[PDB]
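Just the one chain here, the form deposited in one PDB entry, laid out as structure tokens.
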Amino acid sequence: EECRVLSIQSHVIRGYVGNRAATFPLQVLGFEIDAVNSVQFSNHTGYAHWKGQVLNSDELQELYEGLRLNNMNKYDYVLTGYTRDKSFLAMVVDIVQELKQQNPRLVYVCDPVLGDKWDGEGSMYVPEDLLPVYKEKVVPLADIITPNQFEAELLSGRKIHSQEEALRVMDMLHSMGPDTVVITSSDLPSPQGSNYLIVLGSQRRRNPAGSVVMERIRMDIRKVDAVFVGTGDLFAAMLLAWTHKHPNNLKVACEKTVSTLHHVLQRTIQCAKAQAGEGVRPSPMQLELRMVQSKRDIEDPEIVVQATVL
């Protein structure tokens, strides 16, 4: 009785992004998550300053060699996110692969971090020579991917202007490999305002009888006037967690994931406003996620937003 996860992400001393946004939450939910830190920086790169070291593909390979020699290369899930190096990303592919040989039932949850959009136009935040690797090597191996609108577009090659185009892109993404695709954020039109960001879910699965079916969901989340870092990593981590508990219920899984984010952010923005005054926009430091103060919400998130069925 234990679920083992190998998470290969960034590590920071101060703050919560990468393995720091993902680890504590999964530990609180009872997963045996082993963290491989692809980097060690003082804090995330949205700060005015930051210093640190990165891990190269050789060292990553070296670290994996250790686990293998000890016959500890048996996981239930693998989790990856922001990766800045192509050789590193390739080594990750070689690793997930072997781990999948060892355990065919392994679920590779992949957050294909490539970039995002701002105001209107989007741009990459990672080496462009990563996109082909993700397309031909990483995604075909993935079981669950969580790209944002911009990443869904780059991966599929199609731009998204409406919900129906999103769904079509999702199907394209399903054909590339993963049975679960969740667009974690988008500027799609919303009947509630425009102050809302849209989340779209799509999961294909074989039912008991053996019929292959697909469940689709949509969520309209009201925007918080501030920029957060780590929340996508958190999103992917909780999705892993909740699909694990509700494997045939994408609706409930996403509602628990999105609600956990809501409570963490609500608490985070309250503490930030007070920290740096009335009217003052909080600094990156003050906007760090109140992760430990949110233990209870992570354990049993009260559902504050139900998804609409598609």
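One-based numbering along the sequence shown. Take the two forms, find the largest set of C-alpha atoms that superpose within 1.5 Å, and that set is the rigid core.
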query: Other entries modelling both neighbours but not residue 32, at least a third; finding: no
query: Residue gap status of residue 207, at least a third of other entries; finding: yes
query: 212-220 or 191-199, whichever carries the higher mean Cα B-factor; finding: 191-199
query: Mean Cα B-factor comparison, 119-127 or 158-166, giving the higher one as deposited; finding: 119-127
query: Among 276, 253, 28, 261 - the residue whose C-alpha B-factor is largest in the record; finding: 276
query: Highest-ranked of 285, 33, 265, 48 once sorted by CA temperature factor in the record; finding: 285
query: Residue 139 - which third its CA temperature factor falls in, relative to the rest of the chain; finding: highest
query: Modelled-residue ranking by C-alpha temperature factor, third containing residue 38; finding: middle
query: Third assignment of residue 7 from its chain's C-alpha B-factors; finding: lowest
query: Third of the chain's Cα B-factor distribution that residue 207 belongs to, per the entry; finding: highest
query: Within-chain third of residue 177 by Cα B-factor, per the entry; finding: highest
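Beyond the structure shown, there is the form deposited in another entry, which is absent from this document and is the topic of what follows.
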item: Residue among 74, 206, 84, 222 with C-alpha shift of 2 Å or more between this form and the one not shown, core superposed; value: 206
item: Direction of Cα pair change residue 251-residue 207 in the other form, magnitude 3 angstroms or more; value: farther
item: Closer or farther in the other form, the Cα atoms of residue 208 and residue 175, when the shift from this form is 3 Å or more; value: closer
